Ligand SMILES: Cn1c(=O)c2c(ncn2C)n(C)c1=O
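Okay, here we've got a single chain as structure tokens, the form solved without this ligand, with questions on binding and movement later.
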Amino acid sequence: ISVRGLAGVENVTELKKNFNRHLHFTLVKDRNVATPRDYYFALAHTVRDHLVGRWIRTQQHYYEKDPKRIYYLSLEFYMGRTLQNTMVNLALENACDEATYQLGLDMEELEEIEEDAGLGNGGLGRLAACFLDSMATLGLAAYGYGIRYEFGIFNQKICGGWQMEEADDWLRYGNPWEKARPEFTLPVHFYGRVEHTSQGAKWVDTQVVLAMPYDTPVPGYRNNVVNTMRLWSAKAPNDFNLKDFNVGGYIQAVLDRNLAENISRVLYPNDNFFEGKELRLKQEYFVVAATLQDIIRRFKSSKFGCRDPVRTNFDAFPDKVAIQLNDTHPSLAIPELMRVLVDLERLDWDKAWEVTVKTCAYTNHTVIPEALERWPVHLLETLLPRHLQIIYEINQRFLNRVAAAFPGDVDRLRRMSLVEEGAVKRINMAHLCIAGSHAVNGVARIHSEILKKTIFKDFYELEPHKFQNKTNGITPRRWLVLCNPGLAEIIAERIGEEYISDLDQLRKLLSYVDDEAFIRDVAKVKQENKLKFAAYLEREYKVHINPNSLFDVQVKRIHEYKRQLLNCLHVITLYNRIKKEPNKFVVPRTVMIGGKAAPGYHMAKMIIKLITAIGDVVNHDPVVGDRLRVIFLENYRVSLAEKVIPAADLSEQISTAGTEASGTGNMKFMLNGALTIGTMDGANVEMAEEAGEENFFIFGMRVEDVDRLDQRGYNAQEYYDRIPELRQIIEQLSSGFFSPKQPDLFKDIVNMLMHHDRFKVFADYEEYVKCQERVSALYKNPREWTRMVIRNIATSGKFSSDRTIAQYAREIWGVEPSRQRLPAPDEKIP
């Protein structure tokens, strides 16, 4: 059937009965009233059964051996469905497929019932998930720590061409994977005031919110290691949240509990944008405060909570602990670690600071100013008083270091301050992270360099040793084996299976680049994938597409810097050229654009309306026929990504040079047989470098060109004046060609494009369409197109998260990865 494992005789029989046990005892249903949803749960529970054994021994193991623990703090974890992924890492896919088949059910039909765990906005959240999968696969004692939002990223609905947001109640039917651990609930404080008494400061009169943990298992790839992702849930104490007496109402008091519990109610739907709301800050301290207590407790036990030097010496803390800050969201971990160490454990400042800097590491994910976290001091002042004091004290000592290093450089001082003066004083979270961490890293080579050259230049000059780079990656398991079994099979037919956990081995495929059979096969799976997607489209969304055309797709969150607008310009151009010479042949294309706009991002929502507007015109023009279709992929999410990517021919990664930190979608397309048309931005540079620029469609300004233009000054009118085709499009938008009933509907877009385009869309127009012509040319030559594809696929190995994690492990955490199978799952009950 494929290498989804063995369909053993004994195990298929075993599976079936357990499937039945659960249907009866767990779901309390009988075959005569069970629905697909019930069948999905019976299975889920049956599968979950298989990793509890391993989950328990893995955790017990780490307790015995006591290795250095890695803690990945992130406000986001974009998990997606977990049934299939679990079967894959446990080599259970074929057995389950067989068993369910014998039970008379279609496993695939059941997998579609699982709701996505959308606790993330996009790239940052998905990285965290791939990282988790990689850390388990590499046998690291790592824990993902976050918030268990009851409402993840909103489900996108297109009404009249406009995006409509609706609550994502992903827990509505229950989450068979998580394990509530009410017994480990911890208290978290808010507000209050600071008392300075005799021997130390005291955080007093605080409001208490409880943090209840929920554990979700993270299985490594076929190595019997199952790590833990601990998500926190806000709960109100039953005392003060009722006991603070003297009139108000008993009923009202109970109803008001949903005020402390609002903290973990919903994820903020912003991608690369900073919103300074109190709720957000509260979420940020909540996950930090709870997690740290859990970390220190585990440490207090270790082998110190037995003997060792005997005396809670936190000198060995950094030797046992390592916490990674995914962006600045969990930045309060730094001052909070100091608070505990200094205030509660009573360590002297300097010893506390040494420990903190040695255990903390920060990862930066963007350079755009609007995405930088700058919290108003009055907020910190009211909500976390003692933390503010600590930050000022950190700032004080840091600046003293600077002054000592650069005597007289008074401007440098203000520039590096963690405190920003002006309208309202703010705290530059990024500056905080750099100062209190031993390592800071970019997510792509160019991005990392930009940090040292620009944004954090002064910090680099002060401590060059802190700055590193760790190019992002993705997991081959979910992003290849899971979503593209067909491609994985033919690859395995030639080079084996060892590449699943050693993606570099894909290079061996280079020697098949001229293999007639292979070329045919690679080409075949992609054709099958396109057919399956084309079907899914009519199945769930309804209104036909042509599987023979080139599948042109751009899927990622809607942003001005992502330039979906530039994509739009090309599409309209194609249309206009066809309308000019109808009977001229052109390579058929189905351009698919998908992604979510943050609810408050007016421009982004305007762009979605534009895309749909273009399709209304293009898709109903008889002269165009089936040569050009414009489709807006609805509710783009992980599960949807696993369907389109494998079916894509052309991958669009066209951000303005210098704006996309790295990107990971791009990597997903490269590994699944799609060619890339893009700019020398983020990881695109390393991809083309890895596959050779001849096998990549690069175009547009490089970072330097962008800057040159900015010195000069960017004037869009010039491009409007010199390019007729471009002019024609702008005037079409301005006159209502795409919005008859509302002729001025797109004035904001046009206005912006002409007068305040921060991302100079026009500057890359000419080179972009020219380049698009080159890909159409190559598509006309199937054999050569496929051969270039083989060149990309065979060379994408470097982009596996296993590599990224291996690097974090060695160069930052100080731990050695291991592909050693944990001692089987075997029963055991001590």
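The numbering used is simple: start at 1 and walk along the sequence shown.
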Which of 488 to 496 and 532 to 540 has higher mean CA B factor, as the PDB entry lists it: 532 to 540
Of 397 to 405 and 650 to 658, the stretch whose C-alpha atoms average the higher B-factor in the entry: 397 to 405
Among 585, 145, 479, 149, the highest C-alpha B-factor in the PDB entry belongs to 585
So among 385, 622, 700, 692, who wins on Cα B-factor in the entry? 622
C-alpha B factor of residue 64, ranked within the chain: lowest, middle or highest third? highest
Taking only the Cα B-factors deposited for this chain, tell me whether residue 256 sits in the lowest, middle or highest third. middle
Give the position of residue 18 by CA B-factor within its chain, expressed as the lowest, middle or highest third. middle
Entry-reported Cα temperature factor of residue 115, expressed as the chain third it lands in: highest
Would you please rank residue 678 by its C-alpha temperature factor against the other modelled residues of its chain and give the third it falls in: lowest, middle or highest? lowest
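There is another form of the same protein, the form deposited with this ligand bound; it is not shown, and what comes next is about it.
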Between 699, 203, 101, 273, only one gets a heavy atom within 4.5 angstroms of this ligand in the deposited complex; which residue is that? 273
Answer key: of 570, 589, 559, 609, within 4.5 Å of this ligand in the deposited complex (heavy atoms) is 559
Counting only non-hydrogen atoms, which stretch in 332 to 340, 703 to 711, 265 to 273, 350 to 358 is within 4.5 Å of this ligand in the deposited complex? 265 to 273
According to a 4.5 angstroms non-hydrogen atom cut-off, is residue 598 in contact with this ligand in the deposited complex? yes
